[PDB]
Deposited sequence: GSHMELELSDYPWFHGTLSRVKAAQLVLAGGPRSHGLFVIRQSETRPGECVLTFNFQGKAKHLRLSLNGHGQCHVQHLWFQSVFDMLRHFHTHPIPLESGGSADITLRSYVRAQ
């Protein structure tokens, strides 16, 4: 879990929102997985949806779940390597 670039351990709710909102609506889709501050036993999926920060609670398929997030991340990375020419 800690080996993935999209996992940000103890990152707070507030800081996670600021992180995914940097860039405003253009950062649509940007996300981070972090440990919940209020519910220690869980993780939270924080993402940018059209310029607004959303928080999705994530409470025997953890590996497959990681594969999914990794796939989504591969898409974000793609935007950050093969940007749309101006």
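Q: What ranges of the deposited sequence, counted from 1, have no C-alpha atoms in this structure?
A: Gaps in the modelled chain, taken against the deposited sequence, lie at 1-7, 67-70, 98-114.
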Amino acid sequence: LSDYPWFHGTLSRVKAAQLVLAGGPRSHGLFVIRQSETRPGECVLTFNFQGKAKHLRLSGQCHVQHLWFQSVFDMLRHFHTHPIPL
From here on, numbers count along this sequence of modelled residues.
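Q: Comparing 21-29 with 74-82, where is the mean C-alpha B-factor higher?
A: Of 74-82 and 21-29, the stretch with the higher C-alpha B-factor average is 74-82.
Q: Using the temperature factors in the entry, find which of 61, 36, 46, 50 has the highest value at its Cα atom.
A: Answer, based on the entry's C-alpha B-factors: 61.
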